[PDB]
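Data block below; observations after.
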Amino acid sequence: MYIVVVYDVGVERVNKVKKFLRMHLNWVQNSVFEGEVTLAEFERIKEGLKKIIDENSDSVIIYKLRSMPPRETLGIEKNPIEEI
Amino acid sequence: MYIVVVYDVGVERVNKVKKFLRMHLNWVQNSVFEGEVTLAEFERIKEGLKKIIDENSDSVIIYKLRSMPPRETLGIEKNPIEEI
Amino acid sequence: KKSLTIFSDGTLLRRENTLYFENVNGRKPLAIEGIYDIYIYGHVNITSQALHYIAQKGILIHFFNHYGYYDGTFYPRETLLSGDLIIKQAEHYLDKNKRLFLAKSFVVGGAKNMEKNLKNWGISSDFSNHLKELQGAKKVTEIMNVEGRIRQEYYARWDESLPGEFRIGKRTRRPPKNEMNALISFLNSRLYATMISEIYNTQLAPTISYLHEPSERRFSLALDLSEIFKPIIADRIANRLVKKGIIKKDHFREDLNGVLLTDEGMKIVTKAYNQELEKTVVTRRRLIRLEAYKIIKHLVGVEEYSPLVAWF
Amino acid sequence: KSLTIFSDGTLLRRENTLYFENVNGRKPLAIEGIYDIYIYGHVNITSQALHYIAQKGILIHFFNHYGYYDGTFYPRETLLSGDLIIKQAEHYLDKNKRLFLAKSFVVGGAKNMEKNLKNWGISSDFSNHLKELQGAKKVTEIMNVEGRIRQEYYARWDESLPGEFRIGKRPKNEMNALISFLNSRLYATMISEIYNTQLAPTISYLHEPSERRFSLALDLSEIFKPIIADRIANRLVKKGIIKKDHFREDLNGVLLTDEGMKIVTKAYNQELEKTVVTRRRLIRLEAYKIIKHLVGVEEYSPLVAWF
Amino acid sequence: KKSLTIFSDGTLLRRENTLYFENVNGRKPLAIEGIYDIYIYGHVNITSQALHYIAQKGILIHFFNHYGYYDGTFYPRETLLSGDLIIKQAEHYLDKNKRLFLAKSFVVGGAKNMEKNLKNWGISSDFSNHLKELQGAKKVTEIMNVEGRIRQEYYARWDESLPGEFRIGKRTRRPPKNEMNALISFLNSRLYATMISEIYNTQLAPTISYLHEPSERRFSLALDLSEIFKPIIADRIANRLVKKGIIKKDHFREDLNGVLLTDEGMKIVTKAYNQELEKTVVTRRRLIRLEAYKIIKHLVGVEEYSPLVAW
Amino acid sequence: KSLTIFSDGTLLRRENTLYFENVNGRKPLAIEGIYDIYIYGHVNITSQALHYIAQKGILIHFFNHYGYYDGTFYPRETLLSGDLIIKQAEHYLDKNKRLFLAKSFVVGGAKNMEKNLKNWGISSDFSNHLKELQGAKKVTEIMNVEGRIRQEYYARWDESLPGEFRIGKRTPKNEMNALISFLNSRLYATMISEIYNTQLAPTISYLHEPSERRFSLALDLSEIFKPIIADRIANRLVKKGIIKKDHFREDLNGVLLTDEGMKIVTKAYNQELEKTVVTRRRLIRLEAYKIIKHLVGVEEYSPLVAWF
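Protein chains in written order, with the deposited numbering: chain Q, 1 to 84; chain R, 1 to 84; chain I, 3 to 283, 292 to 322; chain J, 4 to 173, 178 to 283, 292 to 322; chain A, 3 to 283, 292 to 321; chain B, 4 to 174, 178 to 283, 292 to 322.
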């Protein structure tokens, strides 16, 4: 299962979640993470995120995709994942 | 064609892309737009978007998905697109 | 746990272990763990496989009318159940005391939000003098007939803050003749659906109620508890929808009998509803199930029953 | 009356009428006299044609192909009626109406057990215990005195069975698994034949209606357990369709092999099609009689096996 | 329009009108339009449909060795072409004086980056005295004799920044027997590839060159132009990767010859390469093409060829 | 020499030696004596059995079922080989090598035209015309003369063709002129292919100025082979009666063939391309070889004359 994790966590909290998602998924642009997870690790992410992040303020979206989606990027590509 | 447009544009330039991509795609969270496009308005989006944003500073990612992807939301749902 | 509302006329089916909605244009979405309730507003064929699966997972299909009005309910088999709670919930209905204090509660909880609502909107607020007209009343027939007058004063004390076009002379529930009676009766029906859903997820028997006479065939508990939540969710939404200016005469259409919503209006009200239903208080949906738990805390004798009528 | 559809078709509404499209055809269904529709097959329904049923206030009870309750379609209006579940709980609360229908269940079971034994050539003389129920005040006595009854049944049943399968005391022995399995599967079939009515299955009399389980099938089992479970578990032991080769011991107790479970089910399913007005229906008729008693039309008579 | 490097061992094919990549495990990614070059670093089977399709689309497939060394190229048919330019390419090769200008200009332009590269790193830089030795030399072999010296001395004086484990005594062509010569020759290989690609995109024939003798199967125009872009891309990546510490001996593994990178070394170098091959200047990749256009600008006689130094 | 794989298989490497994965069974290919591979068909490759082919310096040319060129795998490894492209460009700059090859192409064109006109029993006597080539200096004159010759060829060709299919002035304003105009294009396609099958660069030309935007050698070479391939099938199709008017439709500008006609012409064409005197297609390759042997100076260039 391939997910792309997008979020809106505001300030003075994000750095611990940003360092969290770097240990599991890849980094594409500012505040966008994607990577290959198993049915166990998806739970680990959402669990860790649930306990690191505070609800009723912030927002996190996780799209559940079957395989690597094609993409067209503009501006500067701070990290390309297309090269695998 | 269903795309999710995620991006990182600087300040004083964000409100113009937010206003541009709002009359074409739906809004899910901060700096996240998705919706159903035909392969003619997609060109209009990537085209018109190119002239609104400044490259060599900013970044825009466009995932090209075949259909509306399943998702699991956290925090506050800024908008529930998960219901037809 | 989200909710689904299908306005596109498609087909529900299974395809080994997942749900799929095939619109009359080719494609197929819809996770299985994503929902506990489905709301059908279109012409959607259901397959015996996806209906048995919907039953297997305990999901409900809360079908609607042509106008968006509540039509029926598919109540699947009860995963979580209890008889001793149902017994007690029968002891409180049977014993004619121990009930009024619940019926009374539902109303003094319900129309107490109304005062809080008019307060949040800056309108004259005096219902503290009507509470006695029922506080002592013996049978529910009095509290209800009173709740009608109260309802008719909450309305008609509210149309004063709304634009002339959007006004409630009478409710006229079905059919509505003017504007603002569809949007309300519609949001009421949606809340009715959500209510039956959040009632299922408890141990309460949904068919045995207090302020409303029960029936083996219709959920009267959503009706009793809706007295609390109708002015909280429906009114507030329909208000912040009428005020902000998100719905106009371009949306509402005039049929041959009454008024209606257009799919553009219905999709916005449904959107606004689910957009405003998951809000920050915990989620506002939970409050509906939480209040449903409050009843258990009275039935079994932990703590006396108190409504939530605050904004917090 | 009510309607029952076993065939697999598609219910729909073409032009302002109900239509049933099965394999190769379309047949209108006259609903003007129906209050309940029962789907026992694989029937696809349309939300348009379901609004027609809903507009008329008819109930739809859905089932698996064979015996398992899925759900029921409750319309908004639901032509006027009273309430059965209130009556169900009212009789539980009033100590008399509970003590009655508690006495009935057991003495109904013990007379079936008696007629079970006599059909096999055993000395009955069990009625002498029934007097202990006559006058019995508390439910604990009706239920604990019934233990003597059941253990005397087993003790006096063991005289016609082979040594290998022994019910010496009461899922841990050769027979205790074989029989308890049919008890469980009977529980399943029971909670379904209950659901086809409006009875709430979780309000019970002879067994405490404690939270979390269908307690009406639990009580009612006392009557049908000697009629369905015991009867095949006997002729299966006798005719020789089950031996020690079918049973698979576990670390804790004994069990059935994947081969044996199918043998038991195939015989069970055969009983229900083995009409005496059909054997499975007796569950629903016995389920109705309670309904006819709860509202106060006719007194409740327990089921006594004439066969 | 990015390129691709597929390390995983799968199978390229074309089920419906698109390319799809099945790895042994199983999936099917890769929209075509939006990719420009495919680099095969793994053991990947190609199907005649996607191989004919890739040719029909004008995409080329660059294959590479087990060790990262350029193995070959799959050259499709020439989409955009001109013989009025190629004839000039050959006239410039044939006429030695005008060939001498451009052949010399490449070393004039590239060794110039090297001085300005090492200069950006805060070290002594005196290459100017060697340029005279080039400008006087007439024969091709002598212009080479210089770059064979300049290339090896640049390394010698680059080494007085880096730690011992990463030292470059000499260049050691395939196979190198030291460390840090894999990273450079491997990083170089991809620059060679990217060069063969961005050359295709022009009307220049890649097989007519000035500072390199072309052969049938050889791309000597990429080699010629590479002299300019190695210090811009290869050296700078090979530097900025070794310094901040993203690659260590855990990434280098040894054979009899001690040349190889682990898939993590290849992938990280590949990543950093793809990352820095386009940051901004509004692209670093196009510069590969524009520098090729400059030849077009000199080969007609619009503007003399001026090589690239640094933005 | 070199090998050609027609069957659709998969090129494979199994434990350090090349093999062929033809549907029904595997065969080894002994390549030690082979320095070039030509592949047309549906043949799947694998990166394993490409490093092996490349390490030995072998080059593989990929093609369609039919001549259409797909690509070529140029390994890093290369043998001496010299450049032919420079030789091609060494010509056309010395204007006294160009004029020869140019004049040759035309003389071959007009001689083939004569030998075709002779097969049909018509006058054709061109000798008192070619002469203008051997004296004419600049290319534009050799061209204008080849134009004169061409309109002379057609002028005396239409005497053997039905009035319905008369070929008048140059051109699609006619029926017959469209048909031939179509086969010239399909021959152009085939030409780029049988040329690409060598290492010769197709965009450097002599009789036609090599200029912006297209393969100019096929233009030159066509001068010899249209009358052998293009013209003849048009003739046969007309005189045998396989095309009349039901195949032809008239656009707003000119005439052209119906979806049914292009397949009929394509059949007869592909059928005339596999006809033996050897394979009429290969002669295209042989004439290109004759050029390769001239560019390096082994043997002077000769045009192809039709003895058949």
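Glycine residues also receive a C-beta, built at the ideal position from the N, C-alpha and C atoms.
Original post:
According to the neighbour-count rule (16 or more other Cβ atoms, all chains shown, within 10 Å of its Cβ), is residue 36 (chain J) buried or exposed?
Top reply: As a first step, residue 36 (chain J) must be located in the fourth sequence, where it is residue number 33. Classification of residue 36 (chain J): exposed, given that the 10 Å Cβ count is below 16.
Original post:
Looking at the structure shown, is residue 205 (chain B) part of a helix, part of a strand, or coil, going by DSSP?
Top reply: Numbered from its first residue, the sixth sequence carries residue 205 (chain B) at position 199. It is coil, neither helix nor strand.
Subject >> Beta-carbon contacts of residue 10 (chain I) that lie in its chain and below 7 angstroms, excluding the five residues immediately before and after >> reply: As a first step, residue 10 (chain I) must be located in the third sequence, where it is residue number 8. Within the same chain, residue 10 (chain I) has close Cβ partners 25, 44.
Subject >> Spatial distance of residue 312 (chain J) from residue 305 (chain J) (CA atoms) >> reply: For this step, residue 312 (chain J) is matched to residue 297 along the fourth sequence. For this step, residue 305 (chain J) is matched to residue 290 along the fourth sequence. For residue 312 (chain J) and residue 305 (chain J), the distance between alpha carbons rounds to 10 angstroms.
**OP:** Anything in chain E within Cβ reach of residue 30 (chain R), meaning under 9 angstroms, just list it in chain order.
**Re:** Going by chain labels, chain E is absent from the structure shown, which instead holds the protein chains Q, R, I, J, A and B.
Original post:
Does the separation of the CB atoms of residue 108 (chain I) and residue 229 (chain I) fall below 8 angstroms?
Top reply: Stepping through the third sequence from its first residue, residue 108 (chain I) is reached at position 106. Stepping through the third sequence from its first residue, residue 229 (chain I) is reached at position 227. Their beta carbons are under 8 angstroms apart, which means residue 108 (chain I) touches residue 229 (chain I) by this criterion.
Original post:
What are the boundary residues of the beta strand (DSSP E) that includes residue 117 (chain J)?
Top reply: Start at 1 with the first residue of the fourth sequence, and residue 117 (chain J) comes out as number 114. Taken as a continuous stretch (DSSP letters only), residue 117 (chain J) belongs to no beta strand (DSSP E), being part of the alpha helix (DSSP H) at 105-122.
Original post:
Ordered along the chain, which non-local residues of its own chain (more than five positions away) have a Cβ less than 6 angstroms from that of residue 80 (chain R)?
Top reply: In the second sequence, residue 80 (chain R) corresponds to position 80, counting from 1. Closer than 6 angstroms at Cβ, skipping near neighbours: no residue.
Original post:
Which chain R residues sit within Cβ distance under 9 angstroms of residue 36 (chain I)?
Top reply: If you number the third sequence from 1, residue 36 (chain I) lands on position 34. In chain order: 70, 71, 72, 82.
**OP:** Compare the C-beta of residue 264 (chain I) with all C-beta atoms of chain Q and state if any pair is closer than 8 angstroms.
**Re:** For this step, residue 264 (chain I) is matched to residue 262 along the third sequence. No, no contact with chain Q.
Subject >> residue 238 (chain J) - containing alpha helix (DSSP H), residue span >> reply: On the fourth sequence, residue 238 (chain J) is found 231 positions in, with the first residue counted as 1. Here the alpha helix (DSSP H) through residue 238 (chain J) covers 237-246.
**OP:** Establish whether the CB of residue 203 (chain A) and some CB of chain B are separated by less than 8 angstroms.
**Re:** Numbered from its first residue, the fifth sequence carries residue 203 (chain A) at position 201. Taking Cβ atoms only, chain B never reaches closer than 8 angstroms to residue 203 (chain A), which makes this a no.
**OP:** Determine, using beta carbons only, whether residue 171 (chain I) and residue 79 (chain J) come nearer to each other than 8 angstroms.
**Re:** In the third sequence, counting from the first residue as 1, residue 171 (chain I) sits at position 169. In the fourth sequence, counting from the first residue as 1, residue 79 (chain J) sits at position 76. No, the Cβ-Cβ distance between residue 171 (chain I) and residue 79 (chain J) is not below 8 angstroms.
**OP:** Put residue 72 (chain J) into one of helix, strand or coil per three-state DSSP.
**Re:** Position 69 of the fourth sequence, counted from the first residue, corresponds to residue 72 (chain J). Of the three classes helix, strand and coil, the one that applies to residue 72 (chain J) here is strand, per DSSP.
Subject >> Integer Cβ distance of residue 164 (chain I) from residue 271 (chain I), believed to fall under 8 angstroms >> reply: In the third sequence, counting from the first residue as 1, residue 164 (chain I) sits at position 162. In the third sequence, counting from the first residue as 1, residue 271 (chain I) sits at position 269. Contact flag wrong, Cβ pair sits at about 16 angstroms.
**OP:** Identify which residue in B:180, B:266, B:219 has its Cα closest to the Cα of residue 258 (chain B).
**Re:** Your numbering for residue 258 (chain B) matches position 252 in the sixth sequence. Residue 258 (chain B) has its Cα closest to that of B:180, out of B:180, B:266, B:219.
Subject >> CB contact flag (residue 77 (chain Q), residue 31 (chain R), <8 angstroms) >> reply: In the first sequence, counting from the first residue as 1, residue 77 (chain Q) sits at position 77. In the second sequence, counting from the first residue as 1, residue 31 (chain R) sits at position 31. It is not a contact, given that the beta carbons lie outside the stated cut-off.
**OP:** On a CA-only basis, which of J:173, J:32, J:167 is nearest residue 153 (chain J)? Give me that one, please.
**Re:** Numbered from 1 along the fourth sequence, position 150 holds the residue referred to as residue 153 (chain J). Of J:173, J:32, J:167, the residue nearest in Cα terms is J:173.
**OP:** In angstroms with no decimal places, state the Cα-to-Cα distance between residue 162 (chain B) and residue 103 (chain B).
**Re:** In the sixth sequence, counting from the first residue as 1, residue 162 (chain B) sits at position 159. In the sixth sequence, counting from the first residue as 1, residue 103 (chain B) sits at position 100. Distance between the alpha carbons of residue 162 (chain B) and residue 103 (chain B) is about 33 angstroms.
Original post:
Cβ atoms of residue 144 (chain B) and residue 129 (chain B): under 8 angstroms apart, would you say?
Top reply: Numbered from its first residue, the sixth sequence carries residue 129 (chain B) at position 126. Numbered from its first residue, the sixth sequence carries residue 144 (chain B) at position 141. Their beta carbons are not under 8 angstroms apart, which means residue 129 (chain B) does not touch residue 144 (chain B) by this criterion.
Subject >> Own chain, CB closer than 6 angstroms to residue 234 (chain I), minus 5 neighbours either side, in chain order >> reply: The residue you call residue 234 (chain I) lines up with position 232 of the third sequence. So the qualifying residues of the chain are 115.
Subject >> Near-chain Q residues of the region 43-66 of chain R - C-beta to any C-beta below 9 angstroms >> reply: 46, 49, 50, 53, 54, 55, 56, 57, 58, 59, 60, 61, 62, 63, 64, 65, 66
Original post:
So, helix, strand or coil for residue 265 (chain A), using DSSP?
Top reply: What you label residue 265 (chain A) is simply residue 263 of the fifth sequence in a count that begins at 1. Correct three-state label for residue 265 (chain A): helix.
**OP:** Give a yes or no on contact between the region 182-201 of chain J and the region 62-70 of chain J, applying the rule of three or more CB pairs nearer than 8 angstroms.
**Re:** yes
Original post:
Using Cβ-Cβ distances below 9 angstroms, what residues of the region 4-15 of chain I are close to chain R?
Top reply: 4, 5, 6, 7, 8, 9, 10, 12
Subject >> With 16 other Cβ atoms within 10 Å as the buried cut-off, status of residue 67 (chain R) >> reply: What you label residue 67 (chain R) is simply residue 67 of the second sequence in a count that begins at 1. By the 10 Å Cβ count, residue 67 (chain R) comes out exposed.
Subject >> Beta carbon proximity, residue 33 (chain A) to chain R, threshold 8 angstroms >> reply: Looking up residue 33 (chain A) in the fifth sequence gives position 31. Judged by the 8 angstroms Cβ criterion, residue 33 (chain A) is in contact with chain R.
**OP:** Below 9 angstroms between beta carbons is the criterion; list the residues of the region 228-258 of chain A that meet it against any residue of chain Q, in chain order.
**Re:** none
**OP:** Let me know the secondary structure DSSP gives residue 254 (chain I) once reduced to three states.
**Re:** The count along the third sequence starts at 1 and reaches residue 254 (chain I) at position 252. Three-state DSSP puts residue 254 (chain I) in coil, outside helix and strand.
**OP:** Give a yes or no on whether the minimum CB-CB distance between residue 272 (chain A) and chain Q is below 8 angstroms.
**Re:** Looking up residue 272 (chain A) in the fifth sequence gives position 270. Yes, residue 272 (chain A) counts as interfacial toward chain Q.
**OP:** List the residues that DSSP assigns as beta-bridge partners of residue 35 (chain R).
**Re:** On the second sequence, position 35 is the one that residue 35 (chain R) refers to. Beta-bridge pairing links residue 35 (chain R) to R:3.
**OP:** Kindly indicate if chain Q contains any beta-carbon less than 8 angstroms away from that of residue 16 (chain R).
**Re:** Numbered from 1 along the second sequence, position 16 holds the residue referred to as residue 16 (chain R). With 8 angstroms as the cut-off, residue 16 (chain R) does not count as an interface residue toward chain Q.
Subject >> Distance between beta carbons of residue 29 (chain J) and residue 22 (chain J), contact taken as under 8 angstroms >> reply: Position 19 of the fourth sequence, counted from the start, is the residue given in the question as residue 22 (chain J). Position 26 of the fourth sequence, counted from the start, is the residue given in the question as residue 29 (chain J). Indeed they touch by this definition, with Cβ atoms about 5 angstroms apart.
Subject >> Check whether residue 236 (chain I) and residue 276 (chain I) have beta carbons under 8 angstroms apart >> reply: Taking the first residue of the third sequence as 1, we reach residue 236 (chain I) at position 234. Taking the first residue of the third sequence as 1, we reach residue 276 (chain I) at position 274. No.
Original post:
Quick one: which chain R residues come within Cβ less than 7 angstroms of residue 4 (chain Q)?
Top reply: Reading the first sequence from its first residue, position 4 is the one you call residue 4 (chain Q). 63, listed in chain order.
**OP:** Would you identify the three-state DSSP class for residue 62 (chain A), choosing helix, strand or coil?
**Re:** Position 60 of the fifth sequence holds residue 62 (chain A). DSSP places residue 62 (chain A) in strand when its eight states are reduced to three.
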